[PDB]
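Student: Sharing a structure, written as C-alpha cells. Questions coming.
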Amino acid sequence: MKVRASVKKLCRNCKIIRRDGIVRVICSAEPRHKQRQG
Amino acid sequence: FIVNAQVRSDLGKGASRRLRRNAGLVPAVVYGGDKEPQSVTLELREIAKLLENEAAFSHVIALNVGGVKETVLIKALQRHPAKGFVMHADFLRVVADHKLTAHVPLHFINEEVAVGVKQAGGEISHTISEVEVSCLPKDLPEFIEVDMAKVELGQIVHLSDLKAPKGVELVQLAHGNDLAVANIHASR
Amino acid sequence: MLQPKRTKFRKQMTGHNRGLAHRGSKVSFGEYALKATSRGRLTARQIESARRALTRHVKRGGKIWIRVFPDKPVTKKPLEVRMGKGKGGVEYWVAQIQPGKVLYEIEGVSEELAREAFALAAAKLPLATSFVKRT
Amino acid sequence: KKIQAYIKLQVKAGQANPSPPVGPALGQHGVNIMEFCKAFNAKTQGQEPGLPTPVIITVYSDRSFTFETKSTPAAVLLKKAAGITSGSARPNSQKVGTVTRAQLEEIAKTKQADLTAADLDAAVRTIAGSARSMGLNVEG
Amino acid sequence: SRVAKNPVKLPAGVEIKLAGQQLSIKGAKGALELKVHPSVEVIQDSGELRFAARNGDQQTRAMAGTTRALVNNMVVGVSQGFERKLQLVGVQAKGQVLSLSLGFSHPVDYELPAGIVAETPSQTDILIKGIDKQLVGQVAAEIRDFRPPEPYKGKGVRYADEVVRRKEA
RNA sequence: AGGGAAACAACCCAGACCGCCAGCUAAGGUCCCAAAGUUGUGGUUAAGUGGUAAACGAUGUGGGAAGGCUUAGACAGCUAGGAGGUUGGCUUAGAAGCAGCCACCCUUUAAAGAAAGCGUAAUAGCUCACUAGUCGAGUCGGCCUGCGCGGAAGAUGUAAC
RNA sequence: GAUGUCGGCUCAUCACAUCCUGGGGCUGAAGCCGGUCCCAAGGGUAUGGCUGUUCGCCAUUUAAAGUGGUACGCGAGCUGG
C-alpha cells in the first residue's frame with residue numbers, strides 16, 4: 001500500500017474502488033501502484 | 001438563426017438579477033437608428049446555443065418577440081467575467097439600406113502549405129481575428145478568407161494584403177491603421 | 001521575478017481587493033488562456049514558477065503571453081521587532097487578482113496540450129483558476 | 001460484434017500450417033479454415049517471403065482476396081543490422097553498442113518515396129526515425 | 001445487459017422447493033442448498049427460473065443480480081462438482097484431513113469440513129471437489145495462506161493460472 | 001436589569017415605577033432533561049454529515065442542460081486472425097511494436113497503424129480502432145448545480161450537538 | 001497590599017508524531033541485513049569522564065537507550081552548583 005491524499009490510476013491496469021468508505025486503487029499488473037486513500 | 005423573445009416591462013438591477021437567478025432568463029435590448037429601443041428577455045440556454053456557432057455574430061438573426069419578427073444583428077455582448085455566460089444581449093436592428101458595422105472572424109485557410117513553415121522553420125502567429133467591417137446586410141461575411149500560402153518566413157500580412165469580398169469596407173483600412181493580421185516567425 | 005524598473009514610491013498601503021475583473025478578462029492575444037475564478041494574490045515567484053511550468057511543458061514552440069504584472073510592493077517587519085517603529089521595508093512584489101483575470105495566454109499549441117500545460121501552471125498558483133478559449 | 005484493437009499477429013509468412021511458433025492463438029473471433037490460402041498465384045520477387053512479418057488485418061466475409069496499395073513490411077524483420085539475430089537484453093540500460101544512420105544506399109536503391117512521405121527530404125526523416133527505440137537513434 | 005433479467009435455465013435434475021420467501025435447492029451430486037432469499041426479491045416459476053426486483057432502489061438493483069448469481073452457481077454446483085487445482089510442493093493426502101509440509105519443520109495438517117473433498121491426482125497437486133463455489137474458493141484460500149507465492153525463485157502453493165509476479169535480483 | 005445565544009460587560013431581542021397564581025408577542029424555540037408540533041405537504045442526505053477545515057483526490061448520490069456512439073445490430077465478455085525484395089540503416093556473446101540523438105500512405109484485389117507501450121531483465125507464447133458471417137441489443141465520455149466522502153494526528157476523562 | 005529562577009535528586013501522569021518488542025504492504029526485498037509507509041501506547045526504554053549545566057562531545061553498554069504536554073510537571077518534597 002501507498003498512502004496519499006490523491007490516488008490516481010497510474011497505469012491503464014489500475015482500477016479505483018470505494019471499499020469500506022476508502023478510495024483505494026487495485027492494479028492487476030504491478031502491486032506498487034496499489035494505493036490506499038485519497 | 002432564430003431566437004425567441006419576450007416583452008420585459010420591468011427594468012432595473014434587482015429585476016435583472018431576479019431574471020438571471022429565478023426565471024433563468026437573460027435581459028436584452030433591440031435598437032436601431034429608425035425605431036425606439038425595446039427591452040427584451042431571452043433564455044440563457046437558448047442564446048448560449050447561438051453563441052456556440054462560429055458565424056453567430058456576423059449573420060442575420062431573425063428575432064420573434066410576440067408575433068412580430070425582426071431582423072437582428074448582435075452588436076454588443078456582455079458576459080460574466082469569472083464564470084463566463086451571457087448577461088444582457090444588446091443587439092441591433094437591420095434595415096436593407098444601412099451601413100451596419102459588425103465583427104467578422106478571420107479564417108486562416110491553408111497554413112500547412114506555407115513556405116515559411118515547410119522549407120524554412122517557422123510558425124504562424126495570428127495576432128488578429130475578428131475584424132470589424134462596414135457593409136450592407138446583403139453581403140454578410142460569415143468568414144473572411146486569409147490566404148497564408150504564398151507568405152515567406154519573417155514576412156507579415158497586413159490588412160491591405162487580403163481581400164475585401166464584394167463591397168465590404170474593412171474599418172481600420174479606412175483610417176491610416178493598417179493592422180498586422182498574421183505573422184510567420186522563427187520558433188523558440 | 002517580474003518587478004517594475006522603478007516606481008514612484010517605495011511602499012503602498014495594504015488596500016483591498018474587491019470587484020470582478022471586467023478589464024483583463026478576454027483572451028486578447030492568444031487562443032487559450034488560464035483565467036482565475038477566485039480572488040487572491042500572485043507573488044511574482046508564483047508567477048515565474050507557473051511561467052516556467054508552461055514554457056517547459058510546451059517543448060516545441062508556441063507563444064506564451066504572461067498577462068498579470070506585479071506592481072504592488074509588500075513589506076515585512078523582521079523578527080524580534082517591536083511594532084510601530086516606522087513602516088517595514090519592501091521584500092517582494094504582488095499582483096492583485098480578481099475573479100475573471102486572465103493570467104496566461106497561449107497560441108500555437110493544440111487544445112489538449114494547452115489544457116495539460118495550464119494544469120501544470122495552475123498546480124503552482126494559490127488561486128482557483130479555469131481554462132477558457134477565444135470567444 | 002467484435003470490437004478491440006492492439007491486435008497481435010505473428011506467424012511464419014505465407015503458409016499458416018506451422019502452428020507451434022504460436023500454436024492455439026485464438027478462441028475469440030470465430031471465422032473458418034478455408035479463407036486465407038488461395039491468393040498465392042501472381043506475384044513473387046518483391047516483398048520478403050517466408051520470414052515472420054505480419055499483416056495486421058481487418059476481416060470481412062466476401063472471399064475473393066483483397067490487397068491494399070501497400071508494400072511496406074515494417075514490424076518483425078529488423079533486429080539484424082550486421083548479421084546477428086537475437087534481441088535486446090533490457091532497454092536503455094546496456095550501453096555497449098554505438099549506432100547512428102550511416103550506411104543506407106544498399107536500401108536506398110528503391111527508396112519508394114510514394115508510400116513513405118510527401119517528398120524525399122522527409123524520406124530522410126523516416127529512415128532518421130525508423131528503428132530507433134531499443135538501442136539506437138539518429139544524428140550521424 | 002443486466003444479469004437479473006437473465007433466467008437461470010436450470011436442468012431437469014434440479015428439483016427446487018418454492019417456499020415464498022426462501023429458496024431450497026435439492027438435487028443429485030449434492031443437494032440441501034438453502035438460501036434465505038431477501039425481502040427485495042421475486043422468485044417466480046416456469047420451465048426455467050428467473051428473477052426480478054421489487055422497488056426502485058439502487059440497493060436492490062445489486063441484490064437481484066447477486067441473487068441470480070448465487071442461484072446460478074448454486075444450481076450448477078448441485079449439478080456439477082466445483083473444482084480447483086492448487087499446485088503446491090508435497091501433498092500426502094490421506095483422508096478427511098490434509099497433510100502438507102510447506103517448507104517448515106512442521107507439516108501443517110489441514111482438516112476439511114463437511115461438503116468439500118480433496119484428492120491426490122499427482123505428486124505436486126490438489127484437486128478439490130465441492131457443491132458450493134463459496135466453500136470451494138474459501139478452502140482454496142485457506143490452503144493458499146499456508147504459504148503465499150514467493151516471487152524470486154518461486155515457492156508456495158499457487159492457483160491453476162499463472163499471473164504470479166516474478167522478479168529477479 | 002430581563003429573555004436568547006449551554007456557561008458568556010460589549011452579540012440578538014428588548015430598555016425593569018410598584019403589586020397580580022391574568023392575556024398577547026420579540027429574539028430564540030416546540031422528542032426527554034425543559035415551556036411549546038414526535039405538526040402537515042414535497043424533496044435531499046447514510047456521514048452521526050448535521051455536531052470543526054484548505055489545496056487537491058474519488059463510477060458516493062439528487063437535479064438540469066447538451067453532443068455523438070444509438071438494431072444496415074453499439075460499451076466489456078466465446079467459434080480464422082497472421083506478406084508479394086532485404087542483412088529498410090556508424091553496431092560485428094545479443095540493437096523489431098520502451099537507448100544521449102524520432103517518426104503520415106505505389107499489392108494479385110472484398111482486407112489494416114515503417115507504433116501512445118506490460119511480455120520468456122530478450123528470442124518460440126501475448127492485453128488496445130475491427131470495411132465482417134456469429135450471442136441481441138440501449139449504453140458510453142465531459143459541463144453547471146444540491147448534499148455528502150477522504151485529506152483530518154496531542155497531551156487529566158467521553159470532551160467541537 | 002509578592003504567582004520565589006536554570007539544573008540535579010525524589011516521585012510521577014498523559015499523548016502518539018513508535019525507540020525496542022508485536023502485526024503487515026511495497027521495494028531497485030536471493031538470504032543476514034535493510035529503505036520507506038501503514039497498524040499498534042501493553043510492558044520496557046543505560047552507567048560514567050568533562051562542565052553548574054539543560055544540551056553537547058567522548059568512553060563503555062543495551063533489545064532499545066523515543067519525541068513531546070504537564071506553571072519549559074515537581075523547592076508549604078530536598079538541594080542550591
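Here the Cβ positions follow ideal geometry from the backbone for every residue, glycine too, while neighbour counts run over all protein chains shown. Computed from the coordinates by the stated procedures, all read-outs in this text should not be read as laboratory data.
Student: Would you please report the Å³ per residue occupied by the convex hull of the alpha carbon atoms in chain C?
Tutor: Per residue, the Cα convex hull of chain C comes to 125 Å³.
Student: Calculate the dipole size of chain B relative to its Cα centre from +1 charges on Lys and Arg beta carbons and -1 charges on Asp and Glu beta carbons; express the result in debye to the nearest 20.
Tutor: 1020
Student: Next up: Using a Debye calculation, one point per C-alpha and no hydration shell, please list log10 I(q)/I(0) for segment B:95-188 at q = 0.10, 0.12, 0.17 Å⁻¹ in order.
Tutor: -0.29, -0.41, -0.73
Student: Shifting gears a bit: Do any GluC sites (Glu not before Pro) in segment B:80-188 lie in a loop, going by DSSP, with at most 15 other beta-carbon atoms within 10 Å of their beta carbon, and if so which?
Tutor: Numbers: sites: B:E111, B:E112, B:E123, B:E130, B:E132, B:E142, B:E145, B:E152, B:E169; in loops: B:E111, B:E112, B:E130, B:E142, B:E145, B:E152.
Hits after loop and neighbour filter: B:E112, B:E130, B:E142, B:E145, B:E152.
Student: Where Rh denotes the Kirkwood radius from the mean inverse Cα pair distance, what is Rg over Rh for segment B:115-159?
Tutor: 1.09
Student: So how do E:20-26, E:62-68, B:33-39, C:29-35 stack up, highest first, on mean other-Cβ count within 10 Å?
Tutor: Most protected by this proxy first, the peptides run C:29-35, E:62-68, E:20-26, B:33-39.
Student: How big is the gap, in Å, between the Cα center of segment E:143-169 and the Cα center of segment C:8-22?
Tutor: If we compute the Cα centre of each part, the gap is 66 Å.
Student: At 222 nm, what value in deg cm²/dmol follows for chain D if DSSP H runs of at least 4 each add -39500 (n - 2.57) and the sum is divided by all its residues, to the nearest 500?
Tutor: It lands at -1000 deg cm²/dmol.
Student: Something else: For every helix of n ≥ 4 consecutive DSSP H residues, a contribution of -39,500 (n - 2.57) applies; sum these over chain B, divide by its total residues, and give [θ] at 222 nm rounded to the nearest 500 deg cm²/dmol.
Tutor: When only DSSP H runs of four or more count, the value is -1000 deg cm²/dmol.
Student: Work out how much length E:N6 to E:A69 would gain on full extension: take 0.36 nm times their residue separation and subtract the Cα-Cα distance, in nm to one decimal.
Tutor: Full extension of this stretch gives 21.7 nm more.
Student: Another question, then. Between exposed chymotrypsin sites (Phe, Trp or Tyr not before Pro) in chain B, where DSSP calls loop and at most 16 other Cβ atoms lie within 10 Å, what's the longest gap?
Tutor: Free of exposed loop sites, the longest segment is B:2-84.
Student: About its Cα centre, how strong a charge dipole does segment C:20-135 have in debye, to the nearest 20, once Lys and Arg get +1 and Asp and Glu get -1 at the Cβ? Provide the component values of the computation, followed by the final result.
Tutor: Details: 24 positive and 10 negative charges, 85 e Å.
Its charge dipole is roughly 400 debye.
Student: Given the C-alpha centroids of segment B:84-136 and segment C:41-93, what is the distance between them in whole angstrom?
Tutor: 36
Student: Just to be sure I understand the model, the point goes 7 Å from the Cα along the line to the Cβ. What's the resulting D:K43 to C:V81 distance in nm?
Tutor: Each label point lies 7 Å from its Cα, and together they span 8.4 nm.
Student: Now a separate question. Which trypsin sites (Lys or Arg not before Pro) does chain A hold that lie in a coil by DSSP with at most 14 other beta carbons within 10 Å?
Tutor: For trypsin sites (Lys or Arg not before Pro) across chain A that sit outside H, G, I, E and B with at most 14 neighbouring Cβ atoms in 10 Å, the list reads A:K2, A:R4, A:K8, A:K9, A:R12, A:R36.
Student: Taking segment B:42-80, which GluC sites (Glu not before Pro) meet the DSSP loop condition and have no more than 16 other C-beta atoms within 10 Å?
Tutor: The qualifying sites are B:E52, B:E54.
Student: Taking only Cα atoms and a 10 Å spring cutoff, compute GNM fluctuations for chain C and point out the largest among C:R51, C:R82, C:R115.
Tutor: C:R82
Student: With +1 on the Cβ of every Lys and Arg and -1 on the Cβ of every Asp and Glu, and nothing else charged, how large is the dipole of the protein assembly as shown about its Cα centre, in debye rounded to the nearest 20?
Tutor: So the magnitude is around 3300 debye.
Student: Take every Cα-Cα pair in chain B and report what % of them are more than 19 Å apart. Please report the intermediate quantities before stating the final value.
Tutor: Working: 11386 of 17578 pairs.
In whole percent, the long-distance tail amounts to 65.
Student: Right, something else. Hey, could you pull the Cα Rg and Dmax for segment E:72-169, both in Å?
Tutor: Final numbers for Rg and Dmax: 14.2, 48 Å.
Student: With only alpha-carbon atoms in the gyration tensor, what are the semi-axes of the equivalent ellipsoid for segment B:1-109, in Å, largest first?
Tutor: Largest first, segment B:1-109 gives 22, 19, 12 Å.
Student: Starting from the 7 Å offset along Cα-to-Cβ, what nm value, one decimal, do you get for the label separation of B:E152 and B:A186?
Tutor: In this crude label model, B:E152 to B:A186 measures out at 1.6 nm.
Student: OK, next. Taking N as the number of residues in the protein assembly as shown, what is its alpha-carbon radius of gyration divided by 2.2 N^0.38 Å?
Tutor: With N residues counted in the protein assembly as shown, Rg over 2.2 N^0.38 Å equals 1.42.
Student: Per q in 0.12, 0.15, 0.22, 0.26 Å⁻¹, report the Debye log10 I(q)/I(0) for segment D:1-69, using one uniform scatterer on each alpha carbon and no solvent.
Tutor: Values, matching the q order: -0.38, -0.60, -1.39, -1.80.
Student: Sort out for me the Cα centre separation of segment E:36-67 from chain A, rounded to whole Å.
Tutor: One Cα centre to the other: 32 Å.
Student: Per DSSP helix of 4 or more residues, -39500 (n - 2.57); summed, then divided by the residues of chain E. What does that give at 222 nm, rounded to the nearest 500?
Tutor: Roughly -6500 deg cm²/dmol at 222 nm, from the helical runs in chain E.
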